[PDB]
Each structure stands twice: as C-alpha cells, then as structure tokens.
Amino acid sequence: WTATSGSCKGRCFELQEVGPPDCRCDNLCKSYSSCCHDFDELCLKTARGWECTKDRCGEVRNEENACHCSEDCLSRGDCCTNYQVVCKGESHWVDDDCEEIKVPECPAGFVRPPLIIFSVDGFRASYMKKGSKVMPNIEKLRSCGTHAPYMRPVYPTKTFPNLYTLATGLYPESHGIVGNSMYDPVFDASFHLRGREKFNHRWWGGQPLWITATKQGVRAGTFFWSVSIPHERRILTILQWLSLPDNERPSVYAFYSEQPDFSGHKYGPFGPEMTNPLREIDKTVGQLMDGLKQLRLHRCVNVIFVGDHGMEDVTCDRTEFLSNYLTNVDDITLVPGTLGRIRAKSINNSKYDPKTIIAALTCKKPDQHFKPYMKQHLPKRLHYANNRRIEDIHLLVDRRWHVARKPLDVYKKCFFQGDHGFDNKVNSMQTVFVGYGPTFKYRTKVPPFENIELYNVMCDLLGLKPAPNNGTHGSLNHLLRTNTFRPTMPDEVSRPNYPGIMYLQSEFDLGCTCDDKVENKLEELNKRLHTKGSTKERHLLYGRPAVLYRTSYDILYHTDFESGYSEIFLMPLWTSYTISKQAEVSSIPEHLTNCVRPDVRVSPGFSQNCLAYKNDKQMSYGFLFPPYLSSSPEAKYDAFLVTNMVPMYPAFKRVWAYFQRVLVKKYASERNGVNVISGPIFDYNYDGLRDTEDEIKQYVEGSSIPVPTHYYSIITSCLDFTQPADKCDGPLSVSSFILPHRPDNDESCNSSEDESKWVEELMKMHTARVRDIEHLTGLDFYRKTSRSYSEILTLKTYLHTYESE
Ligand SMILES: *[C@@H]1O[C@H](CO)[C@@H](O[C@@H]2O[C@H](CO)[C@@H](O[C@@H]3O[C@H](CO[C@H]4O[C@H](CO)[C@@H](O)[C@H](O[C@H]5O[C@H](CO)[C@@H](O)[C@H](O)[C@@H]5O[C@H]5O[C@H](CO)[C@@H](O)[C@H](O)[C@@H]5O)[C@@H]4O)[C@@H](O)[C@H](O[C@H]4O[C@H](CO)[C@@H](O)[C@H](O)[C@@H]4O[C@H]4O[C@H](CO)[C@@H](O)[C@H](O)[C@@H]4O)[C@@H]3O)[C@H](O)[C@H]2NC(C)=O)[C@H](O)[C@H]1NC(C)=O
Ligand SMILES: CCCc1c(OC[C@@H](O)COc2ccc3c(=O)cc(C(=O)O)oc3c2CCC)ccc(C(C)=O)c1O
Ligand SMILES: [Ca+2]
Ligand SMILES: [Cl-]
Ligand SMILES: [K+]
Ligand SMILES: [Zn+2]
C-alpha cells in the first residue's frame, strides 16, 4: 500500500527515494506504481513541447510549460535545450568545430569533471559507419573524442546482463544477472523483465558504480529510468541536476535509451524503419550537448556513449524445436530464444537424466542450428557457469536462429525480425564505445575491448577506487589523457628450484621404457650447457612466468624448450618454446613410439609413471613440447622425458597432435616464427580460477597424477611480422586458446573426418585471452619485455575472435 495523497511539490526527480508507504517522486516511482498523486502534473510537464521558438524568447515564465524560454531560465537551470540557439543567436554544439579539450574548463564550484554515461540499447557497432549520415552529433563525439571500432559485450548478449556488467565490471556469472529471465533455486524465486520481482536487491550482486561513488563520497544520479518517462524529460532532468548547489549535485549521471533495440526487434537491424530511430537518438545527443553548452559544461564533462549489445536478423521460420529431438519434451523447462537453458520441470521426477537429454540433442540433424553443452564445457571465454541461476544444460544457438520447446510456442506466445543474446564474439552482437571529454584523448582510435573493462575507467574518471571486478585495471589506460592507473606487476610468490642431475636411472621404477641407449667431447659439453640454460633466451622470450601462489616447482632447461615443472601436480605448469619460420616438422621415429624417459633431475617420487597409463584403460598421454618440432634427432630425446608428459584422453590426443604437428608450424610460417607457452588447467569447480590440489576430481587410475580439465597455449609473435618472433623490437601479437580436455569429440559434429576438417574450428571456438589463462593457472606472463606495463595489460586482454572485420 502507497499513501499517494502526499505531494511531489518541489520534489520532482528527487535523488534519494523515500520510505514506503510515503509516496515517491524519483525517476523510478512509475515502475513501482508509487508516485504521488500529482507526479504527472508537476514532474512530467509537456505543455508546449521541448523546443524554444522565436515567439517564446523572453516570454513571461509559465511554470506549466515542459521547459522554459524566459530570461530567467538559465539561472533556474530549466531552459529548453535549444534556448540559446533560438533566442540568443548561439550555434548548436554539433555545428561547432572540434577543438581539443586539453584541460577541464569547468564553472567555479565543480570539484571534478562530471561523468555522463549515455547508454543505448541494441546499438550495433556497425551503425557508427552505416548510420553516420543521419547521426551528426554522435559522429562528432566519435571523430573528436576517443572511440573503438567496436566494444565486445558479455554473454549472454541480453540487456540487463550487459548494462549491469557496465555498472559493476563483473561477468554476469558473478553479478548474478545471468539472463533477462532466471530461476534462483535457493530463493525459489523467478526474475522476469516484466513485473516486480526484478527490483528485489538480492538479484543484483557486486557493487555498481553508483554505490561505489556514494561510499566514497561522490554523489550519483539514479541509473534506472521508468520506461514511460520520455527521453526529452530524462535529458532535462540530468541538466536540472547539474544546476544543483555544489554540495547537492551529483558527479555521475546516466541516460538510457530503449532505442534502437525496440525498433530493431520489429524491423531487423537494417530495416529501412531503423533510420528514424537512429536520427531520434542523435537528436537526443544533440539536446544533451546543447544543454551542456548552455551550462558552460561542454568542455568540462566526460561523456561516454556506450551500447549494451547489437542486433541480428532473426525470423520465426529460423526456429529449432526441441520437440523434434526429445521424446520427453514435457519433462523439461526451457529458457528459450537466442540461447537455451534446460532444467527439470519437477525436482520430484526421478526419471529426469541430463546425460540422455544432452545425447538426444547432439549432432542429430545435418545443419543443426544449436549445440548442447553441460555449462562447465562451454568455451571458457564466455565465463558463463559459476552461478546456481545458470542451468547445467546450455544450448549455444547459431546466429540468426532461435530455439524453442514446441512449435506452438512460436505462434501462441513471428512479426519480429531482429534479436540478440548470441555468443558475444558474433559480429552482429558487437556494440559501441565513444568517450569525449577532458579526460579522454583527442581524435584517437583505440582497439576493440571488452565492456567488463569500463567500470575501472569510469572509476578512474571519478577518482574512485573500484570494487574487486573482472576488468584488468590499466588495460584501458591508452583511452585516457590523464587519470591513468599505474599498476605494479604482481609479486612472485614461489621461487623455482633449479635442479641439476641428482638421480641415477636405476632409482626409477616407473614402468617406462625407451630405446635410447644409442651412443664425444664436442657434443658432451654442449648437452651440459643446454641443460644449464644456454638456449633459454631463444625459448623463453618474455621472461619466466611468475607463480602467484605457494607451491613447489622446478625450472627445467632443454635445447628446444624450458619448463616450470610442478612437484605437486607432477607435470609442467607451463612449457615455453620458440618455432622459427624456417623450422622443420619431423615424425616420431618408429623406435621411439612408446619411449618415455626418466628425468634424472627430478626424483622418482615427484615423477609420473608409465604403469598408471597402461592400467588406466581410458587415459593415454601426450607431451607439452611436441617431439615433431625437435631441432635435431638428438634433441628429440628430451621431448620424451617423463617431465614433459601429461595425461590425455585418446579423443583429445587427436586434437592435440594435429595442433602440434600441423598448426604450430603453420602459425610460425604465417607469423614469422611463434613463441608457444602451453600447459594444463584444472578447473573442476568451473569458477574460472586455478584449482587447489584438493579440488581435483579425477586422477590417472591408481596414481596421484591429476587430470587437467583443459589445455592452453599462448602463441606470441611480433606485431610487425617483418621481424621474426625471436628478434622483435616493438609491440607483440598474441592468440591463445583453452581447449577442453574431453574424452570424446561429441562437440565437433564432423570429428569422424580428418582433423583438417574440424580441429582448427574447435580451437577457434575456444579462443581465449592471456588473462583468462592467468586466472586459471595463477601464472603471470610477459614479465620481461621491452613494453610498458599498460601495453602488456592490453595485450593480456586481447581476444583473437576469428570473425571477419
Ligand atoms: C570476477 O571478479 C570477481 C570479484 O572479485 C571474482 O569473484 C569473487 O571471487 C572470490 C572467490 O571465488 C570470492 O571470495 C569469496 O567470498 C565469500 C564472501 O562472499 C560474500 O561477500 C562478498 C563481499 O561483499 C560478496 O560480493 C559476495 O557476493 C556473491 O554472493 C552474493 C550472494 O550469494 C551475490 O549477490 C553475488 O552476485 C556474488 O555471487 C557470486 O559469487 C559467489 C561466491 O561468493 C558465488 O557462489 C556465486 O555463484 C556468484 O558467482 C558474497 O555475498 C567468502 O565467504 C569466501 O571464502 C570461503 O572460501 C574460501 C576458498 O578460498 C576460503 O578461504 C574461506 O575459508 C571460505 O571457506 C568457507 O566457506 C566455504 C564455501 O561456503 C566452505 O566450503 C568452507 O568449508 C569454509 O566454511 C570467498 O572468499 C568473492 O565473493 C567473489 N565476488 C563476487 C562479487 O563475485 C571472480 O572470481 C572473478 N572471475 C574471474 C574468472 O576472475
Ligand atoms: C540495468 C542496470 C542499470 C543501468 C541502466 O539501466 C537503465 C534502465 O532504465 C533500464 O531499465 C529497463 C530496461 C528495459 C525494460 C523493459 O523492456 C521492460 C520493462 C518492464 O516491462 O518493466 O522495464 C525495463 C527497464 C526497467 C525500468 C526500471 C542503464 C545503463 C547502465 C550502465 C551504463 O551502467 C546501468 O547500470
Ligand atoms: Ca577452480
Ligand atoms: Cl535469458
Ligand atoms: K591408458
Ligand atoms: Zn532487445
């Protein structure tokens, strides 16, 4: 119950919301059906529209009007935004030449440049070029300020998960808004776009920017706007708040537009009906900038123009129906659309079985347009698993398609032509970023980056310490003229041992054999030198990775590769080697097919054993440094050391062998040499973070050899490919992957074909950032380069996406 008999007189769009059942006058009261009786009359005036006209200039103030053209409006802070243009002969901001904003030019009483975030729903990255003729204000912000060609949203590429990621710097699995619809089984509560449950604070985790600001004594405008407040009024409200006394005035504001997403769903992303929505958003930007210019703040405020996600062509005839696959369709609940999430309809149904659901959905139809996954098997770059609100079964839907439970769901819920939510590497889902202001650079293009990085920068713009988040703070310093954040590299926690030869061959009883009894004073000195690190500079190009947790490990040197070998996990944490453009691929010799060799530097008690692999009928082994790429017949023996072996299912060895035999050389040819760092990852609790030894769910049978959930590689080369990877004087280029270590290849529907038809496609799906591998391993890479640390942080956040341009 709300006592709406109270009044909004002198309270319109008040910043703090008042306590029920007292009636409200803030920008959210409509959504709660709780505004005072006179909120429309007082706070949503529309009389005479939004624009001054010649005849209104110097009018007698009429408090009924939506906005004012009377002489006193500039001191009241409520002129129509075009007041000075119409009445005082000023120019629109868009018609003024771009002039660099070298320092903030602010009115007295401004303690810091305010931040205004202008967020637009469904604003696809390619609109910046494709719509540029009809968006002159947005085009000026973009050309004059700092802009990226696009900004990568988070998955799923839905509205609330992405806007809340902008607010928090967190992945949706961490902030809790994991879709536009959700069931939380602990709460036993459902979140929906429509209605009231979504306002309950227990959905919204982390700490959004407006709370970060408030806790640190920086005041904030509200970021939510009730949908029925027109945009012109949202702009006038922000401009009014900017005229508050210094002690009352917020420093951060957010405007939101439901367009162009609203029309994109109806008309598709490039429907001819889309030009008008884009012109209308441009006009709104123009209102803001003219209004800032009136207030003399257009060279004071930092403006962010940012979108949540793009928009794809999706029509009802491109719908896959689970009723075409599952016998049991009424025993499941599906969250449908551009992604699928499945759970049991009833928790009391003992016949429900996820394994049989997955199998029935796996590669059943030739052009099948979705792929099922247990959530722990989804590409790690999505970071979409570690939340109870995310159903164990997930469907990754192809761009341009929907998935639904039954045909009747599509016509008893087809005029819609656009949608979004797909994999956040899809080109159509990319969205926009422009920053304009004294704190941003002038006429500067920056590379694409992920929206999870923006919170930290917004905190930097406001002089706030960010709450703990998933951005990499410093990775976007290149967007800024000032206020950069200058991080120090993390300190190394464990230092390595450097073992020499300490064990005789007969101390090892590992059940291994190798045909290696096959032999000089020229050659003997050189082998000792290699084992002491004499080639290390060739193979370890960016320093040893630092281990950021407490553990016991050894550095092992070899002619062709260097490794950091964990005594705890019995295998390398990392294996680093360089392959020049000229390197030759060789085979594993017939006499060496099953060769595994004790490492006389590492005790038997800290080694793997071959007998565990013979006994484990499901598990085989591979090597981290590939024997195919040995520099010489003699150096090849090093590749079969028990310290270079790792556990691999046979089905995974098909992937791994193709990568090592064919792809590494192909990348070295293409990129003019590569440096490779490969290793295992253990993330049995799918939290994106390195497991401790006690979290490991599976071991090679009979042994203490832990089985990795994934295998990674980081492939680095020179950005200027005229220079070889090992002699690069400038910026680097990287691509990386985190391949799932699975016992079948059911994810790849073409896997019965030759590896050349499916393996690289698998690897591309599981592309990763170096930062993702760092979280998963507790390793810190690139510690010794010639590059600035901020540039290296940007390199670590890079994702090679494989989409066209
Ligand atoms: C992306 O960035 C984020 C932010 O930095 C990273 O997330 C952090 O990860 C940390 C490790 O996973 C984690 O630290 C834990 O915090 C526990 C206290 O948590 C509460 O308080 C904080 C602070 O305000 C709050 O933010 C938390 O918010 C979560 O939960 C609420 C309510 O459920 C949600 O609204 C919110 O969305 C958020 O949910 C997300 O995180 C939780 C985990 O906290 C997940 O369960 C959800 O699925 C969702 O992802 C909390 O309200 C603290 O109690 C933990 O300490 C225990 O475990 C450690 C193990 O190291 C041990 O040292 C301790 O002894 C202790 O053990 C005891 O409890 C165990 C578990 O019950 C039990 O098994 C033991 O036997 C012991 O009794 C732990 O320190 C931190 O909370 C999150 N923060 C956030 C905001 O998500 C994230 O890792 C980054 N991602 C990547 C890939 O880098
Ligand atoms: C979502 C987090 C907050 C946030 C931002 O929210 C802006 C906020 O007005 C968006 O709210 C929306 C958006 C769509 C719909 C609907 O389609 C339907 C319905 C309904 O039927 O009720 O309600 C909606 C609401 C709720 C109106 C209270 C914007 C930008 C940011 C940034 C930049 O951080 C940010 O954090
Ligand atoms: Ca983990
Ligand atoms: Cl959803
Ligand atoms: K085996
Ligand atoms: Zn939408």
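The rules behind these values
- Residues numbered from 1 in each chain as written, not as in the entry; some residues may be left out.
- Chains lettered and ligands numbered in written order.
- Heavy atoms only, no water.
- Residues with missing side-chain atoms left out of burial classes, pairs and counts.
- Near = heavy atom within 4 Å.
- Polar contact = N/O pair within 3.5 Å; in protein donor to acceptor, adjacent residues only side chain to side chain.
- Areas by Shrake-Rupley, 256 points an atom, 1.4 Å probe, with all protein chains shown as cover.
- Nonpolar A, V, L, I, M, F, W, Y, C, P; charged D, E, K, R; others polar.
- Axes fitted to C-alpha atoms, helices over the stretch in contact; angles between N-to-C directions.
- Helix = DSSP H or I, 4+ residues; strand = E, 2+ residues; numbered from the N terminus.
- Parallel < 35°, antiparallel > 145°, perpendicular 65-115°, else oblique.
- Left-handed = near helix turned anticlockwise from the far one by under 90°.
- Contact = heavy atoms within 4.5 Å.
- Salt bridge = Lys/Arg side-chain N within 4 Å of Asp/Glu carboxyl O.
- Buried < 20%, exposed > 50% of the residue type's maximum accessible area, 1.4 Å probe, protein only.
- Pairing = 2+ DSSP bridges.
- Donors = N, O, S within 2.8 Å, 3.2 Å for Na, K, Ca; no water.
- Tetrahedral: all angles 85-135°; square planar, octahedral: opposite > 155°, others 65-115°.
- Disulfide = S-S within 2.5 Å.
- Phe/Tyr/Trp six-rings, centres within 6.5 Å; stacked < 30°, edge-to-face > 60°.
- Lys NZ or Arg CZ within 6 Å of the ring centre and 35° of its normal.
- UniProt positions renumbered as here; feature names shortened; annotations may be inferred.

Method-wise, the PDB entry is recorded as coming from X-ray crystallography, at a reported resolution of 1.7100 Å.

Chemist: Would you mind going over the site of ligand 1 with me for this structure?
Modeler: If you check the shell around ligand 1, you find 15 residues, and the closest are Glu173, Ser174, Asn386, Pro468 and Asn470. Here an oxygen atom of ligand 1 sits 2.9 Å away from a polar atom, N or O, in the main chain of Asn386. Considered on its own, ligand 1 offers 1500 Å² of accessible surface; in the complex 33% of this is hidden by protein. Partitioned by chemical class, the residues of the shell around ligand 1 number three nonpolar, 10 polar and two charged.

Chemist: Looking at this structure, how should I read the packing of helix α9 (residues 231-241) against helix α11 (residues 275-294)?
Modeler: Packed helices, taken two at a time, are described by the angle their axes make and the gap between the axes. Relative to each other, α9 and α11 sit at 20°, their axes nearing to 10 Å. Judged on the interaxial angle alone, α11 and α9 are roughly parallel. In the crossing of α9 with α11, the sense of the turn from one axis to the other is right-handed. Residue-level contacts link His231, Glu232, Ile235 and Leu239 of α9 to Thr284, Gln287, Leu288, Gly291 and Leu292 of α11. Each residue belonging to the contact of α9 with α11 can be placed in one class, and the counts come to four nonpolar, four polar and one charged.

Chemist: What is the right way to read the pattern of salt bridges from this model?
Modeler: When the charged atoms of two side chains lie near each other, side chains of opposite charge can form a pair. Summed over all chains, the structure comprises 52 salt bridges. One salt bridge connects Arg769 with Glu453, and the closest N-O pair in it is separated by 4.0 Å. Accessibility assignment for this pair places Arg769 and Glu453 in one class, buried. The salt bridge involving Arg544 is made with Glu492; its shortest N-O contact spans 3.0 Å. Owing to a relative accessible area of 36%, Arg544 belongs among the partly exposed residues under this scheme. A relative accessible area of 23% places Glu492 in the partly exposed class. Through salt bridges with shared partners, a single ionic network connects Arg61, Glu63, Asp72, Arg76 and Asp78.

Chemist: In this structure, what is going on with the sheet that holds strand β12 (residues 370-374)? I would like to understand it.
Modeler: Through backbone hydrogen bonds, the strands of a sheet pair up, either in parallel or in antiparallel fashion. Read across the open sheet, the four strands follow the order β10-β11-β13-β12; overall the sheet is antiparallel. Edge positions in the sheet fall to β10 (332-335) and β12, since each of these pairs with one other strand and no more. Along the sheet, successive strands turn relative to each other by an average axial angle of 25°, direction set aside. The pairing of strand β11 (residues 339-344) with strand β13 (residues 393-397) spans four bridges and is antiparallel.

Chemist: Hey, could you run me through the coordination of the zinc ion (ligand 6) in this one?
Modeler: Put simply, a metal with four donors set out as a tetrahedron has ideal angles of 109.5 degrees, and one with six donors set out as an octahedron has ideal angles of 90 or 180 degrees. Around the zinc ion (ligand 6), the protein contributes the donor atoms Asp261 (OD), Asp261 (OD), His265 (NE2) and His420 (NE2), which lie 2.0 to 2.4 Å from the metal centre. For the zinc ion (ligand 6), the four donor atoms in the first shell make angles of 56 to 145° at the metal, so the coordination geometry reads as irregular.

Chemist: Sorry, what's going on with the site of ligand 2 here?
Modeler: Within the structure, ligand 2 sits among 18 residues, and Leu163, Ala167, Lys198, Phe223 and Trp225 are positioned closest to it. Here an oxygen atom of ligand 2 and a backbone polar atom of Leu163 are 3.3 Å apart. For ligand 2, an oxygen atom lies 2.8 Å from a polar atom in the backbone of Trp225. Notes on ligand 2: free accessible area 750 Å², of which the protein chains cover 86%. Only β1 (115-121) and α6 (159-168) provide two or more residues apiece to the shell around ligand 2. Its residues assigned to classes, the shell around ligand 2 shows 14 nonpolar, two polar and two charged.

Chemist: What is the right way to look at the state of the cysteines in this model?
Modeler: As used in these notes, a disulfide is a covalent bond between sulfur atoms, one from each of two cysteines. This structure, assessed with the given rule, holds 15 disulfides. With a sulfur-sulfur separation of 2.0 Å, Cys106 is cross-linked through a disulfide to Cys300. Here the disulfide of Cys106 and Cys300 is right-handed, its torsion about the S-S bond being about 100°. Of the two residues, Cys106 is situated in the loop between α3 (83-87) and β1 and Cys300 in the loop between α11 and β7 (302-307); the sequence distance between them amounts to 194 residues. What pairs with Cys316 in a disulfide is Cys414, and their sulfur atoms sit 2.1 Å apart. Looking down the S-S bond of the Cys316 and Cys414 bridge, the torsion is 90°, so its handedness is right-handed. For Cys316, a relative accessible area of 18% translates into the label buried. In this model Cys459 remains outside any disulfide bridge; the closest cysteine sulfur is found in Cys300, 19 Å from its own. Its relative accessible area of 0% is what places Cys459 among the buried residues.

Chemist: Sorry if this is basic, but what is going on with the side chain of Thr146 here?
Modeler: Examined against the element boundaries, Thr146 turns out to sit in strand β2 (residues 146-147). A polar side-chain atom of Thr146 sits 2.8 Å from the main-chain carbonyl oxygen of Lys441.

Chemist: So what exactly am I meant to see when it comes to helix α13 (residues 454-461) here?
Modeler: Spacing of three or four residues puts side chains on the same side of an α-helix, whose turn is 3.6 residues. Burial analysis of α13 places eight of its eight residues in the buried class, which makes it a mostly covered element. Of all the positions in α13, only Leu454, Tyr455, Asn456, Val457, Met458, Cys459, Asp460 and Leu461 are classed as buried. Within two residues after α13, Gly463 carries a phi angle of roughly 55°, on the positive side.

Chemist: Teacher, can you tell me more about the packing of aromatic side chains here?
Modeler: By convention here, two paired aromatic rings are described through the distance between centres and the angle between planes. Considering all chains together, one arrives at 39 aromatic pairs under this definition. Judged by centre distance (5.2 Å) and plane angle (85°), the rings of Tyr155 and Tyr384 are edge-to-face. Residue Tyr155 is found in the loop between β3 (151-152) and α6, and its partner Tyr384 is found in the loop between β12 and β13; the two are separated by 229 residues along the sequence. Overall, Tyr155 belongs to the buried group, its relative accessible area being 1%. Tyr384 gets classed as buried once you look at its relative accessible area, which sits at 3%. When the ring of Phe433 is compared with that of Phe449, the centres are 5.2 Å apart and the planes differ by 75°; the resulting orientation is edge-to-face. Of this pair, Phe433 sits in strand β16 (residues 433-436) while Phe449 sits in strand β18 (residues 449-450), placing them 16 residues apart in sequence. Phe449 carries the same exposure label as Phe433, and that label is buried. The rings of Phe160, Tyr164, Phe187, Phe191, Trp203, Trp204, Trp210, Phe223 and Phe224 are connected pair by pair, giving a single aromatic cluster. The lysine or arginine in question, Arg24, covers the ring of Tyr32, its NZ or CZ lying 4.3 Å from the ring centre.

Chemist: Just to check I follow, could you spell out the pairing of strand β25 (residues 674-681) for this structure?
Modeler: The side chains of a regular strand alternate between both faces of the sheet. Counting buried residues in β25 gives eight out of eight residues, a clear majority hidden from the surface. Examined bridge by bridge, strand β22 (residues 571-579) and β25 share five bridges and lie antiparallel to one another. Each bridged residue has a counterpart across the sheet, and for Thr575 the counterpart in β25 is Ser678. The sheet contact formed by β25 and strand β26 (residues 710-718) spans seven bridges and is antiparallel.

Chemist: In this structure, what is going on with the sheet that holds β25? I would like to understand it.
Modeler: If you walk across this open sheet you meet the seven strands as β20-β21-β22-β25-β26-β27-β28, and the pairing is antiparallel. Pairing within the sheet leaves two strands with one partner each, and these edge strands are β20 (553-557) and β28 (767-768). Across two bridges, strand β27 (residues 732-740) lies against β28 in antiparallel orientation. Bridging across to β28, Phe737 finds its partner in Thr767. Contacts from helix α20 (residues 770-777) reach β25, β26, β27 and β28 within the one sheet, and its direction differs from that of β27 by about 50°.

Chemist: Which parts of the structure should I look at to understand the UniProt feature "domain: SMB" in the chain?
Modeler: Following the UniProt record, one finds the feature "domain: SMB" at residues 4-47 and 48-92. Within the segment residues 4-47, helix and strand shares are 11% and 0% respectively, and the terminal C-alpha atoms sit 24 Å apart. As a span, residues 48-92 carries 20% helix and 0% strand, and end to end its C-alpha atoms are 21 Å apart.

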